[PDB]
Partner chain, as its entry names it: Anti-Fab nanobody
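The data below hold one chain only, encoded as structure tokens and taken in the form solved without its partner chain.
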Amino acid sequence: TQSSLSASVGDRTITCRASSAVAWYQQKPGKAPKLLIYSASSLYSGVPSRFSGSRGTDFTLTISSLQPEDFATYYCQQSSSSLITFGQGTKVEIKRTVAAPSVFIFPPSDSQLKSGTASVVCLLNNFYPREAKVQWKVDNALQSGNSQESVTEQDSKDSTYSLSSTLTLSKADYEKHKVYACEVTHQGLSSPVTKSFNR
């Protein structure tokens, strides 16, 4: 029982709450995990000495000074009677100033309407931090269960996030209504920002 940490390069404390000794792994995206700390206090061979582990009962992996290379997920792999139980994983992310999302709502294309499907895209671009809330209101009525959300990774240049909520519906349902909008809630926004269009 470890979820997301934000810290700049060179900032000093993960926790994996429990009695077997825990092991700590690092995995970069699209890669295999690597072992860092085993036996709850012992370092792996060839590992920089910044990582250090401690046990009362809430085992903790602590890093003296973060680096750009050390930006990944930490998995505490705790043993038991006959089965090892991996932790949920904690992710460290680059600290950055709060950014205001730019909301653009996309009406369904004529080609897709002729095909028979309606898709409305609510796009949040260049916003920080990761946390956000997107709501759909159709004809001043909230909708749920008909959207999918995709979250991009941090950009190398701006260290921000881009999120899209995609609303897919049948052509007849889309033609039934005329007022379509998506409501975006974020910390930077004083009030929710809603972008509207007319069918």
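Residue numbers count along the first chain shown, from 1.
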Sequence continuity check, residue 18 and residue 19 (deposited residues unmodelled): 4 to 9
Interval residue 12-residue 13, deposited residues with no coordinates in the entry (none, 1 to 3, 4 to 9, 10 or more): 1 to 3
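We do not show the form solved in complex with its partner chain, though everything after this point is about it.
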Heavy atom distance at most 4.5 Å to its partner chain in the entry with it bound, all of 95, 185 and 189: yes
Among 131, 139, 69, 173, which has at least one heavy atom within 4.5 Å of its partner chain in the entry with it bound? 131
